[PDB]
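To keep things clear, I will list the structure first and then write my remarks on it.
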2 protein chains.
Amino acid sequence: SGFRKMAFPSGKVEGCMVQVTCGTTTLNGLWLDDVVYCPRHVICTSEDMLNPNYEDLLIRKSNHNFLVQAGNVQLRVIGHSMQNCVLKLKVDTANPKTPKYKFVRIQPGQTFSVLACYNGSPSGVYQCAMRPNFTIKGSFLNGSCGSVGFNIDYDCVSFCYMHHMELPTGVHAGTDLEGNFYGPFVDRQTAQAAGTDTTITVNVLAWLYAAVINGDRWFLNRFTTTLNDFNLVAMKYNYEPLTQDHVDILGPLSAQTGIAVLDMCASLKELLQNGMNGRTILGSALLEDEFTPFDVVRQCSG
Amino acid sequence: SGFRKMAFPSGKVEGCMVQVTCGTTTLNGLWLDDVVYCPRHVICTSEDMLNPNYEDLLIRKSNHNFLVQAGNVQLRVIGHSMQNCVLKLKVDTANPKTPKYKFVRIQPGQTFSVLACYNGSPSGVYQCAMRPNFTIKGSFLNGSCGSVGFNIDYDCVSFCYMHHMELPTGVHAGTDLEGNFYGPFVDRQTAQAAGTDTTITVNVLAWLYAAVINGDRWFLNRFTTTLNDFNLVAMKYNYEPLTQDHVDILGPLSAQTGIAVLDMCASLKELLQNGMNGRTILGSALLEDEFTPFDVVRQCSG
Ligand SMILES: *[C@H](O)[C@H](C[C@@H]1CCNC1=O)NC(=O)[C@H](CC(C)C)NC(=O)OCc1ccc2ccccc2c1
Ligand SMILES: *[C@H](O)[C@H](C[C@@H]1CCNC1=O)NC(=O)[C@H](CC(C)C)NC(=O)OCc1ccc2ccccc2c1
Ligand SMILES: [Mg+2]
Ligand SMILES: [Mg+2]
């Protein structure tokens, strides 16, 4: 028993992190087989940051402008190219620690593990949700660009996020591994803001099931509501509408606890309208929305 | 910016996890050089669990009673011995992935990363504090015994915890790597309870400094208190007394924010007496005590 924010073990990804230096800018790259992936803004200078023309900047570069360091071993760049917002540096050595992997673009509300790195060197691991406004609430300092987010399935690493920038509210933005930003953001140092966010309803419900599996029942009640009347409440408290796909995805959790989805919705409704009145749920005084139903099943086997 | 519960990267420890089977009981072992470390209760049977005599059980065992599996490769046990509550199995192959490591016994209030494993296979990573009552608030199912807690310093893995059992309140108990339990617990299936816990005061203060470093200032006030008057408040709200050693350990955080320790104490005092009134601190509606001052410095460099 117990329920913690849990990341995937990060060894398979640690073996892929390298340092990429271009001029005076150094950040992290991802070394898979014989290609290094990193944010293209490594080729920017401090004045180009306002509105750079990347095709121009890259035409002006040569393979020897890129210093790639894997541990101590300096890697030789033999080719370079740009795909959307990521730079691909072909190197002469295939990474012998390359895991089985996939690139995947995730949907809002999905979670992943972040391996925060500095100078090619892993610093820490933590769990993140892709917010409905396509930001993540990360922990990133200068030098962290190129850190990646990932899920692990059996032995296969699914990379879903590469870190590019911090927004004025302190949240974070980046791309999939093919270099397409999540959300409307762009990789230049301008005034970009996160749009208003919403709470991930299906995840809150998953986490309430995790509470029931772990002995927290004080919020349960006898009432069951309808999908329509629940969505009326969700709108009022800035929650995502609940869909039949979400109800269905919560099936296994519903069946393991014997609490129908729309039964749990009437508890959430009461929790939204009355607060917690000093009580807690899984050690939290707020309703938590960064656990997917998959996350709960994975950690709550028994 | 940002502040997350952050574990150490776990690759160095993943390379050491093995499966240990004895009869019908299987749990995890830690493979360092040519020795495997695991909880001694792997040699118990379902009836011996009430009050076993381990010296008797172990005398009755032979090297071939122990099946050690590293991935697919079965490892050959060439010797076995007992040190307090851990079993040491000498194997014929030294672990080629053995990191630089140390065994350390930590003090209450210190944190460490847990690599939860099942059948020798890492499942997830998370962060824990050793509570003042010598339990941890973990996430552990059956089969997780033998999972270890650790800190990483430069390249050196410091192992501080091995998992043995769950208590009736759902919290968790175990040993250092030399097999000495944290707290008064013993490794038999009897009625053992955690004593009453207390809040780790120096960690709450560290986390309030993390809040200030990250822009949360609504709880600050002009007042400064004395160590004596603050400790009076701490007693009333079940907080650990604040020592001069703790004040001194908070030095760097105090100097980076320009807020003297006893200035921050008067904010904590006001927060204890008035609650938060609907506001949050670093995304929490409660005062958090599982971040050491070292944890904050590590993550808040800027
Ligand atoms: C890449 O390493 C860096 C990651 C930022 C830096 C602070 N926290 C982060 O996540 N990304 C950038 O510097 C990015 C550059 C692109 C051309 C967009 N710009 C950016 O994030 O600007 C915002 C920002 C906020 C705080 C700091 C603090 C210290 C240094 C730089 C910044 C930049
Ligand atoms: C070792 O793998 C196991 C870890 C426990 C099991 C459930 N969560 C844990 O952390 N440890 C034990 O089974 C331990 C045996 C020793 C002889 C003390 N006993 C124990 O924890 O008893 C309490 C307990 C609570 C819940 C469950 C659920 C399912 C199976 C066993 C238990 C045991
Ligand atoms: Mg109900
Ligand atoms: Mg003050």
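Chain A residue numbers are taken from Swiss-Prot; in order, the displayed residues are 3264-3565.
Heads up, header says this was done by X-ray crystallography, 2.0 Å.
The backbone N, Cα and C atoms fix where each Cβ goes, and this holds for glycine too.
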Which residue, chosen from A:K3353, A:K3499, is annotated ubiquitin cross-link in Swiss-Prot? A:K3353
Of the recorded positions A:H3304, A:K3353, A:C3408, which one has its Cα closest to the Cα of A:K3268 (ubiquitin cross-link)? A:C3408
Students should find that the recorded positions A:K3268, A:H3304, A:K3353 with a Cβ under 8 Å from chain B are A:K3268
A:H3304 (active site, for 3CL-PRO activity) and A:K3353 (ubiquitin cross-link), Cα-Cα, nearest whole angstrom: 17
Any idea what the Cα distance is from A:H3304 (active site, for 3CL-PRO activity) over to A:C3408 (active site, for 3CL-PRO activity), rounded to a whole Å? 9
